[PDB]
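One structure is given below, encoded as structure tokens.
Derivation of every value follows stated rules applied to the coordinates shown; laboratory data play no part. Ideal geometry is used to build each Cβ from the backbone, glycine not excepted, and the neighbour counts take in all protein chains shown.
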RNA sequence: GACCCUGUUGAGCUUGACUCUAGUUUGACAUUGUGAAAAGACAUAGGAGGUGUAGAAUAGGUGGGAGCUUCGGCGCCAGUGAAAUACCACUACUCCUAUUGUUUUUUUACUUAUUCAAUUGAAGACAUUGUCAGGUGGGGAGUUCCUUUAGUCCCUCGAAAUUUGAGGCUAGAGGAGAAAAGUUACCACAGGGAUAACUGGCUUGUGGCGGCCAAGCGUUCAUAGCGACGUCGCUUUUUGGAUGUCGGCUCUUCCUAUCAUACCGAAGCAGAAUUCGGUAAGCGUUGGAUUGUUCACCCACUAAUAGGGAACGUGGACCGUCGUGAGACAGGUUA
């Protein structure tokens, strides 16, 4: 957003957004492997019996 | 290390005297009997004691770098300019002084002209354009400049109005590093 | 074993194989490990108070008033002020721009107090590249006498002239001369000062190129150049004066070819030099013998400074007296 | 092998920074944006809209290059640099800007454009030069358009 | 200082009043002899802590920031003349009202700045009379505790590292009695499920705490890093030193075997026991475990003084 | 407007010739001595040493040498070291002492020098003086080789436990004269030149750089070469605040890029509550805290309180005067 504030053409603003949306895209695509883990531990946590130690 | 000629001598003391009150202490014989002499090297002039000037004659002329205290520079058109190197002697016996507040002290160090909202206290007998030397509370020499407007006219401007001009400020020592 | 120690040290610290071997030799093993921590570690930041425009207490009060966290450092210095934290940048303070204080290191302090500069005395500095030493010497003569600043590079001279004329020195002339040629130019000084070009092993925090870019060839030419640098110091000073004048030898290296060997070569070639107690408050004595070679026992009076003992850069100080 | 060489550099940076971090006074001097706003109170302005590299954070400029103002957000101190031998890209700091062929004026402020040669620290690579010496600064040509995409990309000229 | 989890903080306060201070129940028949203050963070935590202790049965008065003018006088009157045993202040109600000589101080939430802790313990153990000061430390509140070490300059012990730690001079951290904590957190969950009004106060103070977590002044990086090591260190979960050497033995004979259950590393996650099964094999391969010499006179230190 | 140029002014940048010399300066040598007191250096004659590391160790060094041998201590050996101890054989530095002396300084005086008053008194061996050997010389008088690179690794001076550094020599390339000159994608001022002005099948959801792979086409063929999708390295990793003029409200109408309400497809979707997607604009579509103002976040209500369009809907401008290291004007008239 600092880069865009000093931009000077519609081409420059177009290329700067595509960089930002592209850079956030390749960060999530690298995060693929832990997202599958957290999806699978979510399914098994919700499918876990309720044990209350106090009673 | 050519000493100044007749023509060059009146130029340096003229703009000196537009900032100085007692021209006789600068060229005065001191206790050791040796005086302060003016030489010039590479179109800039130096203010030096005579003895250290005399043993400075051993170095080759286009080989020596600097000597004592630089009063300023000879310009190509023959005028004279002051540098902040001249400030320690210039603030020693100044004739009109301006005090600025701490929020206006750093503007001078960054290089702004003095505006009305920063002055701490003024001196009188200042014409519409008079040279003056600026300090903070502690009388620390910060620079020198010319008054923008007269004793009456400088204040009747806005509190956003420039009251004294910037000529040279101590921040230029932060450049050649 | 020793060979496993050398390969492990060169791998983990990134030193060259040669210079690690030389530095491992001059220390006991556990003392070498504590030394390798410190010299890579950055050093504390130290401030020299201009005695001309201000003094220790009122400058200290002024900088705390600007938010700078200070502490008077040691009983060694009445002039030194350590810094710990600063909201404002140190060069930004209007006290700096007037020249109330100057950035230095600790090792820049001690050659000047090794010298004992007096009023109306002709003095010298063969290498004054940052200009801190020259401004310290002029603080002691109280704006009298004459200092001949010298540096063989014009690029460093601009920072010299900027630092000198900010500090209000008014008594120094700066020349771009090779200092081997300097006694032919003038000679006849009281108190000469030399901070020779050195290998730079004493300070690796400022210059980390000496980790590897220093080899067998560099350890022959560089101490060779200190010799012609140092013999010029005796051949330029006065055998007698109304106020007795002394040489000071200061190197920023911990090497043994650069330090304690050059002073042996000088005191052998010129017998009109003696060495006495150097006046610095602390230190470690020099080694009288390192690798099968004997130096004269005057080097027990020389002081060596180490990163591990003191948070200072690696240093050598020795002062000379001229006889004839 | 490209991962292995990148890991050796990244691991070497990790242990130095973690085990040997020591408290030191280090603060950033104020920007030139507020410096010019103070000066203007004390379209006449001229502001550079190209990506720059400066070096030392708080300095005064020469009076020739003093109307120009370079904003904080357009500054980069690190570039992505490719080495054609060993086929590795790493982040190394920019030391100085050598020549911008578009404009000799842009060379002085250090404007980073395409085909602009910069000096980069090649300490982390540890490439051995002649006479058994480790390099510290090389040429690197900028091969991207850093005004259009935020990253600065370069190739070592080795 | 006692290591408690976030879900057991209410029962931990009930331990300190019941078995550590041995406070009496009901109204007491010039303060009282027990006279324990309770410090907390937000007015919503005041309302929970006050109203829980009414249901507990202790005599408690409460003052907070935007409390009424008349309402503040009557409760600080009741504490001063000894008609109540517990005073619950945040910090701003503390610094306004006048505090008498006080015996015990409970820190329900750890102060962010180490100097706030000084101000709290300055309200007690004055004028030569002995005093006590207990605090419920947490995992997220741990780096503020290691910053408290650096300010007071005291030694920190972890559970039973020393046989006889010095309470007045050394910082002593540890865990509470296991058995009696699970009884009085059972009571808290029983009351929470029973009465709606306390349950509504929990939900308000849960989101009030979540704002206070976000805007609290963060701890230093060196204190943050050194908190990770003491969590790993074996003294974090051991029994506290007050409870005696006799309590340390049967705790030792059990947890020497129990700690091997906690230190277990599963060689196979249940999804390995498909594409997901290949994914679980993909993580474990990627993230598997990776294989005085200074004089006392002059040594420029990086620390002041 | 940007942008180009011209003149003045600053910031520079490169120059501004050679030989003696005024001036000025460093060192050396003399007038410049006579005592005392000290101190130092060397001249000889004696006495005693020595702990960087490691090695058990207060290892000068060096020639050899493996019991020379009184006890078999010490040896041999083994370590440990750059160097190793037994044994005899040599000679270095330092610190003291002495006299078996040459001296050099400092201090203290005196005048036996030297300088002033005088034309006999004071200073006083200080200055001062002169001669050699130098440094500089924008000044005065005349006059019209260095730079870049390599080699002889040859000669000279240095340095190093044997190899270096600095000079010499040789060879590839360059050359009206202290009054002032050439240059800048530079600054301030004054002026000249150039586009009447922007978009109108524009815009949106998926980054850049280098490498590997690669169907085809091509200068004659997948190799003169152009080259997508993927994958690898950098950003990027093993312990959970941002926003300038604007609004604010009502009302009309439209789009859908749908927040709610209707319908379906999928998900360990048990129920409940949801999540993602698709058809859908029929019908509805908030505040509060904070703020210069908004968004983000947080809190409350509600079925939800979506986003947009309506040629972005309907109710100064110079000029003159004085300044010039900067600045202005109860200065003007006019747009």
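How about segment B:35-68: which of its residues are over 19 Å from residue C:123 (Cα atoms), more than 8 Å from chain C (Cβ to nearest Cβ) and more than 22 Å from the chain's Cα centre (by Cα)?
Those that are over 19 Å from residue C:123 (Cα atoms), more than 8 Å from chain C (Cβ to nearest Cβ) and more than 22 Å from the chain's Cα centre (by Cα): B:60, B:61, B:62.
Please specify each residue of segment C:291-303 satisfying the condition of being crowded, with 20+ Cβ neighbours inside 10 Å and within 12 Å of RNA strand F (Cβ to nearest atom). Break it down stepwise before answering.
Narrowing segment C:291-303 to residues crowded, with 20+ Cβ neighbours inside 10 Å: C:295, C:299, C:302-303.
Passing the criteria: C:295, C:299.
(1) more than 26 Å from residue D:72 (Cα to Cα); (2) surrounded by 10 or more Cβ atoms within 10 Å (Cβ to Cβ); (3) within 9 Å of RNA strand F (Cβ to nearest atom): which one isn't true of residue A:30, the others all being true?
Among (1) more than 26 Å from residue D:72 (Cα to Cα); (2) surrounded by 10 or more Cβ atoms within 10 Å (Cβ to Cβ); (3) within 9 Å of RNA strand F (Cβ to nearest atom), the lone unmet condition for residue A:30 is (2).
Can you spot a residue in segment C:266-279 that is more than 15 Å from RNA strand F (Cβ to nearest atom) and either assigned to a loop (DSSP other than H, G, I, E, B) or more than 14 Å from chain E (Cβ to nearest Cβ) (or both)? Break it down into steps so the answer makes sense when it comes.
Residues of segment C:266-279 more than 15 Å from RNA strand F (Cβ to nearest atom): C:278-279.
Now narrow it down to the ones that are either assigned to a loop (DSSP other than H, G, I, E, B) or more than 14 Å from chain E (Cβ to nearest Cβ) (or both): C:278-279.
Yes, segment C:266-279 contains at least one residue that is more than 15 Å from RNA strand F (Cβ to nearest atom) and either assigned to a loop (DSSP other than H, G, I, E, B) or more than 14 Å from chain E (Cβ to nearest Cβ) (or both).
Any chance you could count how many residues in segment B:134-161 are more than 12 Å from RNA strand F (Cβ to nearest atom) and either exposed (fewer than 14 other Cβ atoms within 10 Å of the Cβ) or farther than 14 Å from residue B:115 by Cα (or both)?
11
Hey, can you tell me all the residues within segment C:193-218 that are within 16 Å of RNA strand F (Cβ to nearest atom), surrounded by 15 or more Cβ atoms within 10 Å (Cβ to Cβ) and within 13 Å of another protein chain (Cβ to nearest Cβ)? Write out each step before concluding.
Going residue by residue through segment C:193-218, those that are within 16 Å of RNA strand F (Cβ to nearest atom) are C:196-199, C:214-218.
Narrowing further to those that are surrounded by 15 or more Cβ atoms within 10 Å (Cβ to Cβ): C:196-199, C:214-215, C:218.
Matches in segment C:193-218: C:214, C:215, C:218.
Please list, ordered by first then second residue, the pairs with beta carbon atoms under 9 Å, 6 or more apart or interchain, first in segment E:190-214 and over 12 Å from residue E:45 (Cβ atoms) and within 14 Å of another protein chain (Cβ to nearest Cβ), second more than 13 Å from RNA strand F (Cβ to nearest atom) and in a loop (DSSP other than H, G, I, E, B).
So the pair list comes out as E:190/A:54.
Can you tell me which condition residue D:71 does not meet? The list is (1) within 14 Å of chain A (Cβ to nearest Cβ); (2) near RNA strand F (Cβ under 10 Å from one of its atoms); (3) closer than 30 Å to residue C:92 by Cβ, and all the others hold.
Residue D:71 satisfies all of (1) within 14 Å of chain A (Cβ to nearest Cβ); (2) near RNA strand F (Cβ under 10 Å from one of its atoms); (3) closer than 30 Å to residue C:92 by Cβ except (2).
Return only the number of the condition from (1) within 14 Å of chain A (Cβ to nearest Cβ); (2) under 28 Å from residue D:9 (Cβ atoms); (3) within 13 Å of RNA strand F (Cβ to nearest atom) that residue D:79 does not satisfy.
Single failed check for residue D:79: (1).
Taking residue C:143, is it facing another protein chain (nearest Cβ under 9 Å) and within 29 Å of residue C:241 (Cβ to Cβ)? Before you say what the answer is, go through the steps one by one.
On the way: facing another protein chain (nearest Cβ under 9 Å): no; within 29 Å of residue C:241 (Cβ to Cβ): yes.
No: the conditions fail for residue C:143.
Just to be sure before I move on: is residue C:236 within 9 Å of RNA strand F (Cβ to nearest atom) and within 14 Å of another protein chain (Cβ to nearest Cβ) in the structure I sent?
Values: within 9 Å of RNA strand F (Cβ to nearest atom): yes; within 14 Å of another protein chain (Cβ to nearest Cβ): yes.
For residue C:236, the condition - within 9 Å of RNA strand F (Cβ to nearest atom) and within 14 Å of another protein chain (Cβ to nearest Cβ) - is met.
Can you find even one residue in segment E:264-271 that is within 16 Å of RNA strand F (Cβ to nearest atom), part of a helix (DSSP H, G or I) and either loosely packed, with under 15 Cβ neighbours inside 10 Å or away from chain A (no Cβ under 14 Å) (or both)?
Of the residues in segment E:264-271, the ones within 16 Å of RNA strand F (Cβ to nearest atom) are E:264-267, E:269-271.
Next cut, part of a helix (DSSP H, G or I) only: none.
Scanning segment E:264-271 turns up no residue that is within 16 Å of RNA strand F (Cβ to nearest atom), part of a helix (DSSP H, G or I) and either loosely packed, with under 15 Cβ neighbours inside 10 Å or away from chain A (no Cβ under 14 Å) (or both).
Yes or no, residue by residue, for (1) under 20 Å from residue B:87 (Cα atoms); (2) touching a helix residue (DSSP H, G or I) at 6+ places or on another chain (Cβ under 8 Å); (3) more than 8 Å from every other protein chain (Cβ to nearest Cβ):
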| position | (1), (2), (3) |
| --- | --- |
| B:109 | yes, yes, no |
| B:112 | yes, yes, no |
| B:134 | yes, yes, yes |
| B:147 | yes, yes, yes |
| B:151 | no, no, yes |
| B:154 | no, yes, yes |
| B:160 | no, yes, no |
| B:166 | yes, yes, no |
| B:176 | yes, yes, no |
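Picking from E:154, E:228, E:169, which residue would you name as being more than 14 Å from chain A (Cβ to nearest Cβ), away from RNA strand F (no atom under 16 Å from the Cβ) and either part of a helix (DSSP H, G or I) or in contact with a strand residue (DSSP E or B) (Cβ under 6 Å, 6 or more places away or on another chain) (or both)?
Values: E:228 fails: away from RNA strand F (no atom under 16 Å from the Cβ); E:169 fails: either part of a helix (DSSP H, G or I) or in contact with a strand residue (DSSP E or B) (Cβ under 6 Å, 6 or more places away or on another chain) (or both).
Matching residue, one of E:154, E:228, E:169: E:154.
Inside chain A, counting only helices (runs of 4 or more DSSP H) that do not spill past its ends, which hold 1 or more residues that are within 14 Å of chain D (Cβ to nearest Cβ)? Break it down stepwise before answering.
Working: elements: A:2-5, A:10-30, A:32-45.
The qualifying helices (runs of 4 or more DSSP H) are A:2-5, A:10-30.
Going by the structure shown, is residue C:73 at the interface with chain E (Cβ under 10 Å from one of its Cβ atoms), buried (at least 17 other Cβ atoms within 10 Å of the Cβ) and closer than 30 Å to residue C:286 by Cβ?
yes
Which is more than 14 Å from the chain's Cα centre (by Cα), part of a loop (DSSP other than H, G, I, E, B) and either away from RNA strand F (no atom under 14 Å from the Cβ) or on the phi < 0 side of the Ramachandran plot (or both), of D:146, D:101? Before the answer, list the steps.
Values: D:146 fails: more than 14 Å from the chain's Cα centre (by Cα).
Being more than 14 Å from the chain's Cα centre (by Cα), part of a loop (DSSP other than H, G, I, E, B) and either away from RNA strand F (no atom under 14 Å from the Cβ) or on the phi < 0 side of the Ramachandran plot (or both) holds for just one of D:146, D:101, which is D:101.
Pairs needed: first member in segment E:282-294, away from chain C (no Cβ under 14 Å); second member anywhere, in a helix (DSSP H, G or I) and surrounded by 10 or more Cβ atoms within 10 Å (Cβ to Cβ); C-beta distance under 9 Å; at least 6 residues apart or different chains.
Listed by first residue and then by second, the contacts come to E:282/A:33; E:282/A:36; E:283/A:33; E:283/A:34; E:283/A:36; E:283/A:37; E:286/A:33.
Across segment D:31-51, what is the total count of residues that are more than 8 Å from every other protein chain (Cβ to nearest Cβ) and assigned to a loop (DSSP other than H, G, I, E, B)?
Looking only at that region, the number is 7.
Please verify whether segment D:52-65 includes one or more residues that are outside any loop (DSSP other than H, G, I, E, B) and within 11 Å of RNA strand F (Cβ to nearest atom). Outline the logic, then answer.
Going through segment D:52-65, the residues outside any loop (DSSP other than H, G, I, E, B) turn out to be D:52.
Filter again for within 11 Å of RNA strand F (Cβ to nearest atom), leaving none.
No, the conditions are met nowhere in segment D:52-65.
Scan segment B:69-86 and tell me whether some residue there is more than 11 Å from RNA strand F (Cβ to nearest atom), loosely packed, with under 13 Cβ neighbours inside 10 Å and either over 12 Å from the mean Cα position of the chain (by Cα) or away from chain C (no Cβ under 14 Å) (or both).
No, segment B:69-86 has no match at all.
Taking residue B:40, is it under 22 Å from residue B:61 (Cα atoms) and near RNA strand F (Cβ under 10 Å from one of its atoms)?
Values: under 22 Å from residue B:61 (Cα atoms): yes; near RNA strand F (Cβ under 10 Å from one of its atoms): yes.
So residue B:40 passes the test.
Which condition does residue E:28 not pass, out of (1) surrounded by fewer than 18 Cβ atoms within 10 Å (Cβ to Cβ); (2) under 16 Å from the mean Cα position of the chain (by Cα), if it passes all the others?
The failed condition is (2).
Grab the strands (runs of 3 or more DSSP E) fully contained in segment C:42-125, keeping just those with 2 or more residues being over 22 Å from residue C:142 (Cα atoms).
Numbers: elements: C:46-49, C:68-72, C:80-86, C:101-104, C:122-125.
Result: C:68-72, C:80-86.
Might you check whether a residue that is within 14 Å of another protein chain (Cβ to nearest Cβ), over 15 Å from the mean Cα position of the chain (by Cα) and under 27 Å from residue C:82 (Cβ atoms) occurs anywhere in segment C:284-300?
yes
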